[PDB]
Every structure is written in structure tokens, then in C-alpha cells.
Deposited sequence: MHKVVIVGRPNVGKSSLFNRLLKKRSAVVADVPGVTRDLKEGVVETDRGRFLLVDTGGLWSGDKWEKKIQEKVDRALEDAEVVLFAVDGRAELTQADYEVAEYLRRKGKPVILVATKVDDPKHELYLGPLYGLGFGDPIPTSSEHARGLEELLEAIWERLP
């Protein structure tokens, strides 16, 4: 089946997002997402990081996890400012060349969407705002995922 992988630094909300997507209807964490659009294997790579710094050790682990990935969900905090780790994971993803959907997390209220500007420059297109706490943007995220699964 199709494989979708979540990538991002620690504490941006990857496991929470993973859990919401897994429950959706219509070191790795692996789960089958199934809705009326079809099914795919969702993989969270957060457990591959030891600390919050992008390092060769982690990159090599992420590389393996991305082996047969069709789409990457690049998770960045939608409230906190972008970090050196974010910018480094972004460059790694551009180099990898796999389709990337930029996901802004913890966008609990529409007002937070006004402050996602720095995200548009990461080179991945408009970020899709989500909130696992309020279950926002999951429909839009599933639609984007399926537009890229061949």
C-alpha cells in the first residue's frame, strides 16, 4: 500500500497528529489510515530523534524510514517560531526530493493562521493548518495526501 511519513523535530505534535489520522473515518509508529478515499500506511519518525538537534545519526535513521515513502508530511509548529532544526530538516527534505506536504500544527484557532508567514518560504507551498487538540484541518490534509498518491 501507499506509505506516508511524518517528519519533524520533537514536540511539534507528530504523535498527536498520527493518532488523529489513524482514528479518522469518512522507534517508528506505524498505522493504517483508512477512509472512503482508500488506505495508506502512516509512519511517525519522531521516536528516531534522541534530542532536539538534527544530527547525522538521526538523518540516517530518517533516510531508512523514508525509503519507500510516496509522501512526506513535514510537521512544523504552527505557533512557535521556526527553529534551526526546522530549517535543517527543510533543507534535508528538499534534497531528498520526495513530495512534501507542509503541515502546521497546533493551529487551534483560525487566528493563529494569520501568523504562518515564515512557513511559506520553506519551499513547500502553502502550509496546511491543523490542530490535533481541536481536530482541525484533517479533511484538508487527507485530500492533499491523496492528490499525491499515484
Which parts of the deposited chain sequence are absent from the coordinates, listed in sequence order? 27 to 37
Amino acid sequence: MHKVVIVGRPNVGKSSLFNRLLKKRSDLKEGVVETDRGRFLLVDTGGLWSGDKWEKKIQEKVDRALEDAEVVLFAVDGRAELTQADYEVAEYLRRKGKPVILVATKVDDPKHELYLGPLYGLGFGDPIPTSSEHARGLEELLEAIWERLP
From here on, numbers count along this sequence of modelled residues.
Looking only at CA atoms, which has the higher mean B factor in the entry: 29 to 37 or 97 to 105? 29 to 37
Mean CA B-factor: is it higher for 51 to 59 or for 78 to 86? 51 to 59
By the record's CA B-factor, is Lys14 among the lowest, middle or highest third of residues in the chain? lowest
Would you check the entry's CA temperature factor for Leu66 and let me know if it's in the chain's lowest, middle or highest third? highest
Lowest, middle or highest third - CA B-factor, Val43: lowest
